[PDB]
Amino acid sequence: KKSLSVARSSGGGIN
Amino acid sequence: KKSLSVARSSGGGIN
Amino acid sequence: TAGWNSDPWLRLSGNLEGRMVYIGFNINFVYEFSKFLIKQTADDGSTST
Amino acid sequence: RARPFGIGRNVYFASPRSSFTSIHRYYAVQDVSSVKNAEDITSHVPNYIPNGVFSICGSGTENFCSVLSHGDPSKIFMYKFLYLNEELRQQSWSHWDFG
């Protein structure tokens, strides 16, 4: 059972 | 499968 | 090559007299992806590669 | 040159640099009673909008801010944003070209 994509709300702008 | 780098937002100034 | 002003004609094949047509200039849509690299986030929304 | 443009709760204005214009969002800080602040909404694209911004506009209904600069007259620079629960959920910078 391969791992799932991590739930990333992420964001925007400069990082 | 080698471990991934821990996502460190970290910071600045004196620690 | 000289431009539309030099040769301002659109030659449509056949007889199209009396027909309604729709003329416009092509819109150049561009989207370049960012490089498909692994993205991770911390406990907050900050991203990492 | 460009009058600050107010959309909803925010006012957008240009701050020119040596070669490219920084667009800032003027807003009220949430916690403090009487502190206002400016946030650089072009921080991730500092070298995008050339100096010479003379028009700042946009639509509240369509949720965008548009910048016209005479440095690159052929482009309309578009700032697409979304606000959910006092949070910028979308920050999209792009331009439109017509020739």
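The structure contained in this document is the topic of the report that follows. (Residues numbered from 1 in each chain as written, not as in the entry; some residues may be left out. Chains lettered and ligands numbered in written order. Part of a larger assembly, values for the part shown. Heavy atoms only, no water.)

1. Some thoughts on the nonpolar core
All names here are of chain D. By size, the foremost hydrophobic cluster in this structure holds 15 residues, and its most contacted members are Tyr12, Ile49, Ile56, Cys65, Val67, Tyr79 and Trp93. In terms of residue count, strand β7 (residues 75-83) provides more of this core than any other element does, three residues in total. When residues no more than four places from it in sequence are discounted, the contact partners of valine 67 are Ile23, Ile49, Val53, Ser55, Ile56, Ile76, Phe77 and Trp93. (Core = buried A, V, L, I, M, F, W, Y, C linked by side-chain atoms within 4.5 Å. Buried < 20%, exposed > 50% of the residue type's maximum accessible area, 1.4 Å probe, protein only. Helix = DSSP H or I, 4+ residues; strand = E, 2+ residues; numbered from the N terminus. Contact = heavy atoms within 4.5 Å.)

2. Re the interface of chain A and chain C
Listed per partner, the contact involves four residues of chain A and six residues of chain C. Surface buried jointly by chain A and chain C totals about 400 Å² across both partners, of which 45% is contributed by carbon and sulfur atoms. On the surface where chain A and chain C come into contact, there are one residue pair in polar contact. Its residues assigned to classes, the side of chain A that touches chain C comprises no nonpolar, three polar and one charged. (Buried area = accessible area lost by both parts, 1.4 Å probe. Polar contact = N/O pair within 3.5 Å; in protein donor to acceptor, adjacent residues only side chain to side chain. Nonpolar A, V, L, I, M, F, W, Y, C, P; charged D, E, K, R; others polar.)

3. A look at the state of the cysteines
Residue and element names in this part refer to chain D. This structure, assessed with the given rule, holds zero disulfides over all chains. Note on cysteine 57: no disulfide assigned, nearest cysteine sulfur contributed by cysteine 65 at a separation of 6.9 Å. For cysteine 57, a relative accessible area of 26% puts it in the partly exposed group. (Disulfide = S-S within 2.5 Å.)

4. Some points on the interface of chain B and chain C
Each partner contributes residues to the interface: chain B has four residues there, and chain C has six residues. Counting each side, the surface lost to burial between chain B and chain C is near 340 Å², with a carbon and sulfur contribution of 60%. Summed over the three residues of chain B that lose the most area to chain C, namely B:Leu4, B:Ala7 and B:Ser9, the buried surface amounts to 90% of that side. Inspection of the chain B/chain C interface yields zero residue pairs in polar contact. Class assignment for the residues of the side of chain B that touches chain C results in two nonpolar, two polar and no charged.

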